[PDB]
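Working notes, beginning with the structure itself.
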Amino acid sequence: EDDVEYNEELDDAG
Amino acid sequence: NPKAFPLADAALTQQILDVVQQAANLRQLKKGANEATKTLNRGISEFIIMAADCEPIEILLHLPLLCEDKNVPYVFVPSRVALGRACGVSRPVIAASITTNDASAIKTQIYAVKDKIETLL
Amino acid sequence: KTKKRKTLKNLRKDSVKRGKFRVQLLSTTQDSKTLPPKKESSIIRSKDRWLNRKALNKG
Amino acid sequence: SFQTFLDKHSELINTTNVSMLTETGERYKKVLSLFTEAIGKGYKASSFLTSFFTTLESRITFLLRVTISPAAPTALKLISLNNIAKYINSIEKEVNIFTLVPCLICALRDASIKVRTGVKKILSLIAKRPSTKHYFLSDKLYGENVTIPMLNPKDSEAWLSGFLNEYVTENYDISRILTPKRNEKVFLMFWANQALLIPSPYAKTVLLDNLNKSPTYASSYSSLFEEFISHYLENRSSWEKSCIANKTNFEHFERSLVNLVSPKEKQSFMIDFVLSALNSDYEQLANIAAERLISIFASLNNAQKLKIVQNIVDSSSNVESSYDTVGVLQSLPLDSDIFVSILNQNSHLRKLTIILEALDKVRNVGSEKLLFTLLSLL
Amino acid sequence: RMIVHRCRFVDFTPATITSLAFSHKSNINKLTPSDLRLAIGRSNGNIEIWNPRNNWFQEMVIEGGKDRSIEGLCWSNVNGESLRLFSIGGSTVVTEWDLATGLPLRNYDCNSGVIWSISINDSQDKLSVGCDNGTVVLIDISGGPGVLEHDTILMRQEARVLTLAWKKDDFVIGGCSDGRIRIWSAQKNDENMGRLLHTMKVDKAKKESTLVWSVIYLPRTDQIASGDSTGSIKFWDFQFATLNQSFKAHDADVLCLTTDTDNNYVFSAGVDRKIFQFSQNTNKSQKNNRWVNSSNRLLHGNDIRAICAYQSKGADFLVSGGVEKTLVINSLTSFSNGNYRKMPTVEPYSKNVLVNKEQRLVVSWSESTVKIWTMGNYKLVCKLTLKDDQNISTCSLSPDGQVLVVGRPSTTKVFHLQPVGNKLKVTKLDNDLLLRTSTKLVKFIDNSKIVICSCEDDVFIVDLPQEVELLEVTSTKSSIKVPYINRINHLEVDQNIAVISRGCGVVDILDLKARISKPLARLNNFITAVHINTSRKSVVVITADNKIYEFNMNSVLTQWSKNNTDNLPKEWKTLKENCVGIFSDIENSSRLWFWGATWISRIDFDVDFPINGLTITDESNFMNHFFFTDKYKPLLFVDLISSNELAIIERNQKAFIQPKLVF
Amino acid sequence: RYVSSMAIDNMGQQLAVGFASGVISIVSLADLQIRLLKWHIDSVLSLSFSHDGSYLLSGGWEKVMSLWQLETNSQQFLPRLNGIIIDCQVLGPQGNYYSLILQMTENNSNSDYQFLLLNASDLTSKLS
RNA sequence: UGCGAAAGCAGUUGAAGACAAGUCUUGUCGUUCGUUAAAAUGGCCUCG
């Protein structure tokens with residue numbers, strides 16, 4: 001699942 | 001008897017009177033308003049007990065004033081006879097005092113009763 | 001991965017002590033108003049732990 | 001007992017065989033209570049109806065007002081609607097039941113599911129009921145001398161086919177089916193002629209609700225009811241007593257009157273009513289007109305807007321009204337070119353000041369023409 | 001022949017039921033009010049409102065959020081006022097909910113310890129709040145809706161207050177964590193204000209602490225019924241504060257209690273999964289004031305957290321729920337002998353899953369987390385995690401599938417999806433208006449334009465605001481009592497034609513370019529599903545009573561509607577679960593697919609059909625060619641992937657050991 | 001649905017009906033309200049009400065006598081009787097003795113009846 | 001069910017009547033004639 005997981009907080013940070 | 005405040009409930013009177021009876025056996029109980037007054041002047045009282053039914057109630061209304069100034073706990077019980085009863089004397093007692101003794105064998109429940117009286121106040 | 005774990009703690013840490021001072025971070029007003037407050041875990045977790053205590057032999 | 005129940009109301013026996021829809025409200029109100037107790041006590045409804053109404057045609061038609069009146073229980077209403085279905089079969093049929101399908105539409109406008117659901121079934125029967133072109137009590141149904149001008153019933157029943165074939169009673173929107181796509185305008189006309197001649201306010205309110213459309217709030221037949229509204233306020237107290245007699249909220253009826261008012265009001269006769277209603281002595285009439293005038297004032301001629309500005313400022317300065325006309329004045333949007341002429345109109349000292357207060361209430365409005373007349377005043 | 005892709009890889013788990021509350025006081029003599037509703041508390045913070053009419057249909061849902069729960073629910077029904085709901089989240093706040101919007105109308109801090117119990121007085125002007133610190137706080141509500149004021153603090157004690165009950169408005173009865181029942185005086189104009197008149201101690205377990213979980217007052221017999229962790233049911237004389245009867249009925253904690261209107265029956269439930277019925281119906285028992293352990297029944301597979309009772313001339317309901325996450329419904333008068341229903345764990349009145357025909361993408365959203373799968377056999381292309389605690393209300397995916405719109409009452413966020421390496425790249429498109437916009441319902445006109453219905457029911461079009469006019473709804477006494485019935489329930493957009501259904505049943509056709517509203521229908525039963533068919537130029541509406549209505553868009557209701565509305569097959573009428581989803585058949589437009597929580601049905605609208613207990617009797621008004629399959633259940637979501645492919649999505653705890661003897 | 005035993009209370013307010021399944025149902029004659037008592041695993045063969053009616057005597061194939069206390073729904077046990085209980089009766093002005101009939105169904109050839117008079121006080125056999 | 005040893009060797013089941021369900025078709029029997037012919041969550045004392 002980690003391969004296809006998307007985290008907004010990490011995306012927001014960069 | 002609106003003046004007597006806070007007045008312990010039926011259950012709370014139990015533990016107080018129990019400790020008073022214990023304190024009587026271990027000579028840690030001071031009986032009488034003036035004798036209670038002296039403890040407050042000397043600051044040797046854990047807390048002060050009074051009787052609500054006493055007439056005139058003004059005979060004991062000074063102890064709250066001393067207790068509040070000295071930050072000493074206090075509480076009222078419905079019956080003065082029962083107070084003198086637990087004290088272990090043949091006469092009614094309208095007020096009594098528990099002497100301070102951190103080395104006493106009955107210390108713990110005195111603090112427990114004290115802690116509740118803190119909650120009551 | 002450990003760096004990621006530490007980053008979560010920093011995000012978790014909304015309050016920390018600078019020398020002689022303690023800060024807290026501020027949450028948005030919308031979050032508080034839009035929804036009721038968060039339940040505390042310790043007090044509520046205690047009841048469920050009691051409800052599933054070993055003595056019951058719940059199975 | 002039944003015999004004693006007759007004797008108590010033996011004097012209360014209808015010499016006429018006509019509807020109680022046309023009869024005195026209070027006399028009908030008691031009789032309805034007798035109808036319920038009669039069936040409740042085991043006294044046959046038909047036997048009761050024969051006892052205090054002359055003929056079977058009265059027994060059908062008293063039950064109609066039982067449906068029109070909301071005070072009647074809904075279960076009673078279906079029993080009212082069921083027995084009329086019995087009596088429409090008995091009658092001789094050479095005259096037409098197009099008259100009662102509007103009453104059935106009113107019966108659709110009655111509350112319960114079960115009463116409405118039956119009404120479609122009854123409605124569907126009236127579609128099968130042949131058209132005679134000359135109706136039951138055509139000159140006697142709604143008024144003794146009141147002859148009802150109605151559609152070609154072929155158009156009505158083939159339309160009424162839409163109710164049976166193309167409508168469900170569970171829904172409250174009959175309006176789309178009420179107006180056929182093929183002859184929406186031709187049919188929009190007769191309802192006006194009906195509603196002019198539909199006396200009961202409840203029947204008017206329920207009827208108007210279906211008719212009024214967002215593009216046209218009774219635009220076509222506003223002229224038809226212009227006389228009714230223009231003296232509605234004159235006899236509004238007489239309309240208000242009818243609604244309480246009909247057990248309806250009159251303020252909703254007042255909203256039906258402004259619902260009669262068309263959306264755009266260059267129209268002169270509807271504006272006469274809204275203004276008259278707004279300043280009417282009646283507390284409830286004027287609020288509905290006041291809210292209506294706000295909707296009107298958006299849809300007016302700028303000059304027609306301008307005239308209303310002069311009346312409200314002049315009224316508020318001198319005419320002490322139950323409502324805050326200067327408060328209403330603030331709400332109404334006042335054009336700059338409107339603001340200046342009204343200053344010219346009064347450039348009567350007390351009336352002037354409120355105009356000069358009126359322009360104050362509207363902060364941040366800009367026009368050169370204004371300041372000219374301002375300086376003329378001061 | 002058609003292809004079925006049976007799917008259980010999508011898992012949606014309901015939160016455990018924690019509290020239950022009816023909106024009206026039971027009155028056997030009077031008929032069931034139209035406004036009667038049942039509030040259900042969930043451990044995830046969700047509050048669910050249901051209507052006992054027309055079997056049981058869920059009118060509205062209040063969404064919870066992260067790390068929040070509901071532990072007590074309370075209704076206040078003042079004459080002339082809207083129905084008022086209160087909740088406790090396990091923290092030091094009493095939440096007042098705006099039923100019109102489903103948002104917190106007011107948050108009130110008790111100025112005391114964390115709340116464990118909530119109860120209202122009979123006059124419905126005061127709330128009693130139990131705290132862990134042993135303080136019971138009295139709150140005023142008679143001022144008005146949205147008004148919460150501190151009235152008085154009762155006598156303080158050291159034991160956690162686990163439950164609270166009222167006697168009229170004079171006295172507050174509270175069970176405590178010290179194994180003692182406590183009574184306080186709330187009599188105003190009395191010198192005994194806030195004083196502890198009596199203290200009652202239950203039998204205490206020797207090796208473990210004794211907790212009084214539940215207490216109820218019995219007006220007819222002026223007695224108190226108490227449930228305790230020892231499994232004991234005790235009846236206490238109110239005036240003398242003495243034990244009348246004690247019963248060792250349950251094998252575990254008794255968590256909750258309830259009674260009937262006449263106080264002829266007391267129903268207890270809790271950990272051991274059993275419901276014990278206590279009876280005093282016999283005349284001799286009434287003279288002697290003695291209860292009888294009439295019977296018990298095992299109906300739940302796990303702990304029964306909550307039980308509530310409602311009775312009326314047309315209603316007789318004993319509703320129970322708990323860790324099993326399902327409702328169990330019984331008749332109080334015939335609890336021993338009456339039949340029961342086990343409510344399905346999930347009824348998708350609101351769909352949490354969507355299927356995209358193009359790209360063969362299946363999207364499910366649960367607890368601020370969105371997962372997208374692709375199927376040719378299924379692969380999880382991408383999983384999205386959202387920061388905000390508030391749970392997602394609705395998710396809409398574009399007809400191209402590139403643009404995904406995520407809607408929450410607080411905010412609406414739009415995310416673009418790009419297929420890279422058999423995976424979807426997520427980029428959040430920034431739209432300030434949507435971020436500040438509440439989204440009750442959202443739908444796509446095309447790959448770019450969307451229609452959003454705000455929590456305030458403001459309908460507007462966003463191109464990625466063009467507000468759309470809406471017809472005014474006349475106010476009704478039922479609407480005042482229950483606000484959300486006048487709110488938009490279903491929003492559908494189909495080839496520019498938008499249809500909105502309100503809980504009161506108002507159906508209107510909206511033209512999106514014209515942005516004008518024209519009334520279509522106003523049903524007297526709650527609308528459960530809506531569908532627009534462009535090919536037949538008609539709109540299909542289904543009510544709570546599972547009647548099907550097909551409305552031509554302008555003679556309105558298609559000719560099929562008359563001949564088949566009351567002539568539906570036996571299967572449709574016999575269903576006790578209402579239809580929630582409608583989708584068209586690609587191969588033939590006239591055919592339409594209809595499915596509920598446990599059934600799927602297909603109806604041909606060009607063919608006419610051959611003519612040939614545990615719910616309100618419904619005497620009062622609600623306000624003021626054929627294919628049927630039940631093989632697939634329970635159904636989260638059903639729809640077509642292609643002209644020959646059907647997608648069916650299905651659902652795939654430690655409990656008491658009550659052995660089943662086998663010989 | 002098949003009843004195996006029946007007992008009428010002296011006042012007539014209560015009627016206990018047994019069933020082959022082993023379930024007992026006490027009915028209030030005044031309002032026909034039912035109360036279920038379920039311990040016996042086999043058909044209950046004998047039911048008898050107490051003189052006051054506060055206690056119910058039940059026996060069946062279990063070879064064990066159950067004294068049901070109806071006030072609290074409790075029940076007292078007399079196990080390991082020689083034979084299954086065909087009949088139960090309270091015999092005394094004060095319920096001093098219980099009179100019982102045993103069948104000893106082991107012998108299929110003949111029905112071996114044994115009459116047991118018991119003392120209510122200590123449940124010790126006074127006359128077998 | 002009969003004989004036999006325990007092993008086995010032979011054979012046996014039908015006609016009604018009444019009721020309940022569907023809507024003419026099926027079930028049941030505190031009922032008859034004839035033939036040798038599983039399942040209401042419901043476990044068993046005190047007297048230390």
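Scheme for the structure tokens: letters A, B, ... for chains in order shown; per-chain residue numbers from 1; ligand numbers from 1 in order shown.
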
Review point. Can you tell me, as a PyMOL selection string, what residues are no more than 6 Å from stretch 2-14 of chain A when counting only C-alpha atoms (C1' of nucleotides), ignoring any on the same chain fewer than 5 positions away?
Key: chain E and resi 382-386

Selected residues, N, CA, C and O atoms, written as a PDB file, in the first residue's frame, please.
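Final file, again33.pdb:
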ATOM      1  N   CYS E 382      -4.159   3.946  -6.389  1.00  0.00           N
ATOM      2  CA  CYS E 382      -3.719   5.036  -5.532  1.00  0.00           C
ATOM      3  C   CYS E 382      -4.582   5.105  -4.281  1.00  0.00           C
ATOM      4  O   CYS E 382      -5.755   4.724  -4.300  1.00  0.00           O
ATOM      5  N   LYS E 383      -3.980   5.593  -3.198  1.00  0.00           N
ATOM      6  CA  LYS E 383      -4.655   5.813  -1.926  1.00  0.00           C
ATOM      7  C   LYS E 383      -4.341   7.225  -1.453  1.00  0.00           C
ATOM      8  O   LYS E 383      -3.170   7.613  -1.388  1.00  0.00           O
ATOM      9  N   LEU E 384      -5.382   7.982  -1.110  1.00  0.00           N
ATOM     10  CA  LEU E 384      -5.255   9.378  -0.711  1.00  0.00           C
ATOM     11  C   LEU E 384      -5.581   9.516   0.768  1.00  0.00           C
ATOM     12  O   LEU E 384      -6.592   8.984   1.238  1.00  0.00           O
ATOM     13  N   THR E 385      -4.726  10.234   1.493  1.00  0.00           N
ATOM     14  CA  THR E 385      -4.934  10.542   2.902  1.00  0.00           C
ATOM     15  C   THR E 385      -5.152  12.043   3.038  1.00  0.00           C
ATOM     16  O   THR E 385      -4.346  12.836   2.541  1.00  0.00           O
ATOM     17  N   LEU E 386      -6.239  12.426   3.703  1.00  0.00           N
ATOM     18  CA  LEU E 386      -6.599  13.827   3.885  1.00  0.00           C
ATOM     19  C   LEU E 386      -6.323  14.243   5.324  1.00  0.00           C
ATOM     20  O   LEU E 386      -6.570  13.473   6.258  1.00  0.00           O
TER      21      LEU E 386
END

Practice item. Could you list the residues in chain E lying within 7 Å of chain C, using only C-alpha atoms, and format the result as a ChimeraX atom specification? Key: /E:67-69,89-91,95,103-104,410,654-657

Review point. Counting only C-alpha atoms (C1' of nucleotides), which residues from chain G have an atom at most 6 Å from any atom of chain F, and could you show them as a ChimeraX atom specification?
Key: /G:42,44-45

Selection export as a PDB file, in the first residue's frame, atoms kept: N, CA, C and O atoms (P, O5', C5', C4', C3', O3' and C1' of nucleotides):
ATOM      1  P     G G  42     -32.102 -19.462  29.065  1.00  0.00           P
ATOM      2  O5'   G G  42     -32.545 -20.961  29.364  1.00  0.00           O
ATOM      3  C5'   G G  42     -31.582 -21.961  29.660  1.00  0.00           C
ATOM      4  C4'   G G  42     -32.160 -23.346  29.519  1.00  0.00           C
ATOM      5  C3'   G G  42     -31.198 -24.494  29.775  1.00  0.00           C
ATOM      6  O3'   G G  42     -31.077 -24.789  31.155  1.00  0.00           O
ATOM      7  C1'   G G  42     -32.453 -24.903  27.794  1.00  0.00           C
ATOM      8  P     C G  44     -27.872 -27.741  36.898  1.00  0.00           P
ATOM      9  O5'   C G  44     -28.479 -28.781  37.939  1.00  0.00           O
ATOM     10  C5'   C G  44     -28.266 -28.636  39.337  1.00  0.00           C
ATOM     11  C4'   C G  44     -27.987 -29.965  39.992  1.00  0.00           C
ATOM     12  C3'   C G  44     -26.563 -30.485  39.824  1.00  0.00           C
ATOM     13  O3'   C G  44     -26.183 -31.228  40.981  1.00  0.00           O
ATOM     14  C1'   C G  44     -28.069 -32.017  38.852  1.00  0.00           C
ATOM     15  P     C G  45     -25.016 -30.689  41.944  1.00  0.00           P
ATOM     16  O5'   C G  45     -25.711 -29.530  42.786  1.00  0.00           O
ATOM     17  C5'   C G  45     -25.141 -29.087  44.007  1.00  0.00           C
ATOM     18  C4'   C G  45     -25.990 -28.033  44.671  1.00  0.00           C
ATOM     19  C3'   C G  45     -25.602 -27.682  46.100  1.00  0.00           C
ATOM     20  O3'   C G  45     -24.530 -26.757  46.170  1.00  0.00           O
ATOM     21  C1'   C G  45     -27.922 -28.076  46.004  1.00  0.00           C
TER      22        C G  45
END

Can you build me a table of stretch 204-278 of chain D residues sitting at most 10 Å from stretch 47-69 of chain D, with the closest atom pair per residue and its distance in Å to one decimal, using only C-alpha atoms, sorted by chain and residue number, as JSON lines?
{"residue": "D:243", "atom": "CA", "partner": "D:69", "partner_atom": "CA", "distance": 9.8}
{"residue": "D:245", "atom": "CA", "partner": "D:69", "partner_atom": "CA", "distance": 8.8}
{"residue": "D:246", "atom": "CA", "partner": "D:69", "partner_atom": "CA", "distance": 5.7}
{"residue": "D:247", "atom": "CA", "partner": "D:69", "partner_atom": "CA", "distance": 7.0}
{"residue": "D:248", "atom": "CA", "partner": "D:69", "partner_atom": "CA", "distance": 8.6}

Output N, CA and C atoms for every residue in that selection, as an mmCIF file, in the first residue's frame.
data_model
loop_
_atom_site.group_PDB
_atom_site.id
_atom_site.type_symbol
_atom_site.label_atom_id
_atom_site.label_comp_id
_atom_site.auth_asym_id
_atom_site.auth_seq_id
_atom_site.Cartn_x
_atom_site.Cartn_y
_atom_site.Cartn_z
ATOM 1 N N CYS D 243 -62.514 32.939 6.498
ATOM 2 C CA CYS D 243 -61.406 32.004 6.667
ATOM 3 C C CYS D 243 -61.448 31.329 8.032
ATOM 4 N N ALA D 245 -64.174 30.972 9.686
ATOM 5 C CA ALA D 245 -65.298 30.068 9.468
ATOM 6 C C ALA D 245 -64.863 28.852 8.663
ATOM 7 N N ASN D 246 -63.964 29.052 7.702
ATOM 8 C CA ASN D 246 -63.359 27.963 6.951
ATOM 9 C C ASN D 246 -62.137 27.379 7.648
ATOM 10 N N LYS D 247 -61.784 27.880 8.832
ATOM 11 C CA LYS D 247 -60.700 27.315 9.636
ATOM 12 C C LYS D 247 -59.371 27.362 8.887
ATOM 13 N N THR D 248 -59.100 28.494 8.243
ATOM 14 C CA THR D 248 -57.873 28.702 7.490
ATOM 15 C C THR D 248 -57.142 29.927 8.018
#

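Counting from atom CA of residue D:251, the distance to atom CA of residue D:198 is 19.0 Å.
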
Practice item. Name the residues of stretch 274-340 of chain D that fall into alpha helix (DSSP H) according to DSSP on the backbone, using the chain letters and numbers of this document, as an NGL selection string. Key: :D and (274-278 or 283-298 or 302-318 or 325-331 or 336-340)

Check your understanding: Do you know which residues are at most 9 Å from stretch 1-15 of chain G counting only C-alpha atoms (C1' of nucleotides), after dropping those on the same chain fewer than 6 positions away, and could you put them as a list in words?
Key -> residues 33, 34, 35, 36 and 37 of chain G

Save the residues we just selected, N, CA, C and O atoms (P, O5', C5', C4', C3', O3' and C1' of nucleotides), as a PDB file, in the first residue's frame?
ATOM      1  P     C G  33     -59.487 -48.874  14.883  1.00  0.00           P
ATOM      2  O5'   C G  33     -59.951 -50.002  13.859  1.00  0.00           O
ATOM      3  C5'   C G  33     -59.013 -50.752  13.100  1.00  0.00           C
ATOM      4  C4'   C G  33     -59.204 -50.544  11.618  1.00  0.00           C
ATOM      5  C3'   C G  33     -58.401 -51.478  10.728  1.00  0.00           C
ATOM      6  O3'   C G  33     -59.061 -52.715  10.521  1.00  0.00           O
ATOM      7  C1'   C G  33     -58.163 -49.238   9.966  1.00  0.00           C
ATOM      8  P     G G  34     -58.727 -53.993  11.434  1.00  0.00           P
ATOM      9  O5'   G G  34     -58.001 -54.989  10.426  1.00  0.00           O
ATOM     10  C5'   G G  34     -56.586 -55.104  10.392  1.00  0.00           C
ATOM     11  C4'   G G  34     -56.037 -54.846   9.014  1.00  0.00           C
ATOM     12  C3'   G G  34     -54.606 -55.310   8.795  1.00  0.00           C
ATOM     13  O3'   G G  34     -54.536 -56.686   8.465  1.00  0.00           O
ATOM     14  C1'   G G  34     -54.837 -53.086   8.024  1.00  0.00           C
ATOM     15  P     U G  35     -53.752 -57.716   9.415  1.00  0.00           P
ATOM     16  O5'   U G  35     -52.262 -57.663   8.865  1.00  0.00           O
ATOM     17  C5'   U G  35     -51.989 -57.914   7.497  1.00  0.00           C
ATOM     18  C4'   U G  35     -50.571 -57.549   7.142  1.00  0.00           C
ATOM     19  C3'   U G  35     -49.521 -57.887   8.186  1.00  0.00           C
ATOM     20  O3'   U G  35     -49.139 -59.250   8.182  1.00  0.00           O
ATOM     21  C1'   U G  35     -49.199 -55.674   7.460  1.00  0.00           C
ATOM     22  P     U G  36     -49.263 -60.110   9.534  1.00  0.00           P
ATOM     23  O5'   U G  36     -48.390 -59.281  10.576  1.00  0.00           O
ATOM     24  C5'   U G  36     -48.399 -59.579  11.965  1.00  0.00           C
ATOM     25  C4'   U G  36     -47.012 -59.470  12.552  1.00  0.00           C
ATOM     26  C3'   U G  36     -46.125 -58.389  11.946  1.00  0.00           C
ATOM     27  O3'   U G  36     -46.323 -57.129  12.563  1.00  0.00           O
ATOM     28  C1'   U G  36     -44.936 -60.446  12.066  1.00  0.00           C
ATOM     29  P     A G  37     -47.543 -56.174  12.134  1.00  0.00           P
ATOM     30  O5'   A G  37     -46.828 -54.806  11.745  1.00  0.00           O
ATOM     31  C5'   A G  37     -46.029 -54.115  12.693  1.00  0.00           C
ATOM     32  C4'   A G  37     -44.558 -54.294  12.416  1.00  0.00           C
ATOM     33  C3'   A G  37     -43.998 -53.507  11.241  1.00  0.00           C
ATOM     34  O3'   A G  37     -43.702 -52.161  11.568  1.00  0.00           O
ATOM     35  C1'   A G  37     -43.269 -55.749  11.102  1.00  0.00           C
TER      36        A G  37
END

Would you write out, as CSV, a table of all residues in chain D that have an atom no more than 8 Å from an atom of chain E, listing for each the closest atom pair and the distance in Å to one decimal, considering only C-alpha atoms and ordering rows by chain and rising residue number?
residue,atom,partner,partner_atom,distance
D:112,CA,E:621,CA,6.1
D:113,CA,E:524,CA,7.2
D:162,CA,E:555,CA,5.1
D:163,CA,E:555,CA,7.3
D:164,CA,E:562,CA,7.4
D:165,CA,E:559,CA,5.8
D:166,CA,E:557,CA,4.2
D:167,CA,E:557,CA,5.1
D:168,CA,E:557,CA,7.4
D:170,CA,E:523,CA,5.2
D:171,CA,E:523,CA,4.1
D:172,CA,E:522,CA,4.7
D:173,CA,E:521,CA,4.8
D:174,CA,E:521,CA,7.8
D:175,CA,E:519,CA,8.0
D:176,CA,E:556,CA,6.8
D:177,CA,E:555,CA,4.6
D:180,CA,E:555,CA,6.2
D:181,CA,E:554,CA,7.5
D:214,CA,E:518,CA,7.7

Counting only C-alpha atoms, which residues in chain E sit no more than 9 Å from chain F? For each one, give the nearest pair of atoms and the distance in Å, sorted by chain then residue number, as CSV.
residue,atom,partner,partner_atom,distance
E:245,CA,F:72,CA,8.4
E:246,CA,F:72,CA,7.9
E:247,CA,F:72,CA,6.4
E:248,CA,F:72,CA,8.6
E:281,CA,F:33,CA,8.1
E:282,CA,F:28,CA,7.3
E:283,CA,F:30,CA,8.1
E:290,CA,F:71,CA,8.1
E:291,CA,F:71,CA,8.0
E:292,CA,F:71,CA,6.6
E:293,CA,F:73,CA,6.3
E:294,CA,F:35,CA,4.9
E:295,CA,F:36,CA,5.8
E:296,CA,F:36,CA,8.7
E:336,CA,F:34,CA,8.5

Got time to write the residues from that selection, N, CA, C and O atoms, as a compact mmCIF listing (two decimals), in the first residue's frame?
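Wrote again_18.txt, looks like this:
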# COMPACT_ATOMS: atom_id res chain seq x y z
N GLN E 245 -36.50 -4.94 46.18
CA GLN E 245 -36.23 -6.23 45.56
C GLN E 245 -34.86 -6.19 44.90
O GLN E 245 -34.40 -5.15 44.44
N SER E 246 -34.21 -7.36 44.87
CA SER E 246 -32.92 -7.53 44.22
C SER E 246 -32.96 -8.81 43.40
O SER E 246 -33.49 -9.82 43.86
N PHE E 247 -32.42 -8.75 42.19
CA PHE E 247 -32.44 -9.88 41.27
C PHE E 247 -31.06 -10.05 40.66
O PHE E 247 -30.52 -9.11 40.06
N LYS E 248 -30.49 -11.25 40.80
CA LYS E 248 -29.21 -11.59 40.17
C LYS E 248 -29.52 -12.22 38.83
O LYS E 248 -29.54 -13.45 38.68
N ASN E 281 -47.23 -6.51 35.73
CA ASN E 281 -48.50 -6.25 35.06
C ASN E 281 -49.68 -6.80 35.85
O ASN E 281 -50.77 -6.22 35.82
N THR E 282 -49.49 -7.92 36.54
CA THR E 282 -50.60 -8.54 37.25
C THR E 282 -51.13 -7.62 38.33
O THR E 282 -50.38 -6.88 38.97
N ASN E 283 -52.45 -7.65 38.53
CA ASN E 283 -53.07 -6.79 39.52
C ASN E 283 -52.53 -7.07 40.92
O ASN E 283 -52.21 -6.15 41.67
N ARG E 290 -44.58 -5.72 43.65
CA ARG E 290 -43.52 -6.71 43.51
C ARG E 290 -43.32 -7.02 42.04
O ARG E 290 -44.29 -7.29 41.32
N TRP E 291 -42.06 -7.00 41.60
CA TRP E 291 -41.72 -7.29 40.22
C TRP E 291 -41.43 -8.78 40.04
O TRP E 291 -41.16 -9.50 41.00
N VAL E 292 -41.50 -9.22 38.78
CA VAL E 292 -41.32 -10.62 38.43
C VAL E 292 -40.38 -10.71 37.24
O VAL E 292 -40.52 -9.98 36.26
N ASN E 293 -39.41 -11.63 37.32
CA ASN E 293 -38.47 -11.88 36.23
C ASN E 293 -39.20 -12.72 35.18
O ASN E 293 -39.16 -13.95 35.16
N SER E 294 -39.89 -12.01 34.28
CA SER E 294 -40.78 -12.69 33.34
C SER E 294 -40.02 -13.57 32.37
O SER E 294 -40.35 -14.75 32.20
N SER E 295 -38.99 -13.03 31.72
CA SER E 295 -38.28 -13.79 30.69
C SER E 295 -37.01 -13.05 30.29
O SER E 295 -36.79 -11.90 30.68
N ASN E 296 -36.18 -13.73 29.51
CA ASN E 296 -34.99 -13.15 28.91
C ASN E 296 -34.84 -13.69 27.50
O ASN E 296 -35.36 -14.76 27.17
N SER E 336 -41.60 -11.15 24.77
CA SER E 336 -41.38 -12.59 24.87
C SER E 336 -41.87 -13.32 23.63
O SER E 336 -41.22 -14.26 23.15

Practice item. Pull out every residue of chain E that has at least one atom within 8 Å of chain B, counting only C-alpha atoms, and report them as a PyMOL selection string. Key: chain E and resi 155-157+191+195-199

I need the residues from that last selection saved to file as a PDB file, in the first residue's frame (with C-alpha atoms), if you can.
ATOM      1  CA  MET E 155     -23.436  18.709  46.178  1.00  0.00           C
ATOM      2  CA  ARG E 156     -19.978  17.469  45.242  1.00  0.00           C
ATOM      3  CA  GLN E 157     -18.656  13.973  45.933  1.00  0.00           C
ATOM      4  CA  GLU E 191     -33.706  25.123  51.617  1.00  0.00           C
ATOM      5  CA  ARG E 195     -28.151  18.625  49.021  1.00  0.00           C
ATOM      6  CA  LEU E 196     -27.689  14.851  49.125  1.00  0.00           C
ATOM      7  CA  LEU E 197     -30.889  13.639  50.776  1.00  0.00           C
ATOM      8  CA  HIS E 198     -30.080   9.907  50.773  1.00  0.00           C
ATOM      9  CA  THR E 199     -27.338   7.456  49.826  1.00  0.00           C
TER      10      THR E 199
END

Check your understanding: Quick one, how far is atom CA of residue E:589 from atom CA of residue E:404?
Key -> 27.0 Å
